[PDB]
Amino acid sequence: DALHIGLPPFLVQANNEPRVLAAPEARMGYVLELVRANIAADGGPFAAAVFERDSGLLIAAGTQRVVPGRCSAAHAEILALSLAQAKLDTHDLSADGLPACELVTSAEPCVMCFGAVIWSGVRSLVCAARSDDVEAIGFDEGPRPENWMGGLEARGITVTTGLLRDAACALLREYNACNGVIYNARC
């Protein structure tokens, strides 16, 4: 009777508490905490958050819930964008009288999320890990169009990538190190 993806407690918490982060690094810092927490709550090493671009108010956060949620569409970007839309009560994050919105993401978007970003109404995309980083640990980005960044820019969506990339990469390599069946107390 519904499409229903449950949020683990830490994500409910993130989505409940008012929070304002002005600097790109502050915003991405927070998104990287959610990655760490999502991995500790049985999810993939990806998180994202929709902010008010100009005030830094957090609207909504998401994390990859593919396995726990039994749903291949539950990438961090889909959850973040959709929960932001559900909170603001509109399918269009650029609807009249909404502030401009920004998707802050732990990694460059896959081809699915790329499309979702375009349809979402956000005006800004801010990424940490690059596509090659993500692919290096076996997560596929899929076939995006050529010059997909230019693609976004031409729809009025500004793209920045590499923001706190080093910390992001460190979280990716930590996930990979502990993504295996032999028990490892250190994980």
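Start at 1 with the first residue shown and count on from there.
Student: I need to verify one thing: averaged over C-alpha atoms only, is the B-factor higher for 178-186 or for 3-11?
Tutor: The stretch with the larger mean CA B-factor is 178-186.
Student: Using the B-factors recorded in the PDB entry, average over the C-alpha atoms of 137-145 and of 41-49, then report which stretch comes out higher.
Tutor: Comparing averages over the C-alpha atoms only gives 137-145.
Student: Per the entry's Cα B factor values, which of 98, 80, 113, 107 stands out as the maximum?
Tutor: Most elevated C-alpha B-factor of the set, per the entry: 98.
Student: In terms of recorded Cα temperature factor, pick the maximum from 129, 154, 118, 59.
Tutor: The record points to 154.
Student: Lowest, middle or highest third: where is residue 162 by C-alpha B factor in its chain?
Tutor: For residue 162, the deposited C-alpha B-factor lands in the middle third.
Student: Can you work out whether the C-alpha temperature factor of residue 67 puts it in the lowest, middle or highest third of the chain?
Tutor: It belongs to the highest third of the chain when residues are ordered by C-alpha B-factor.
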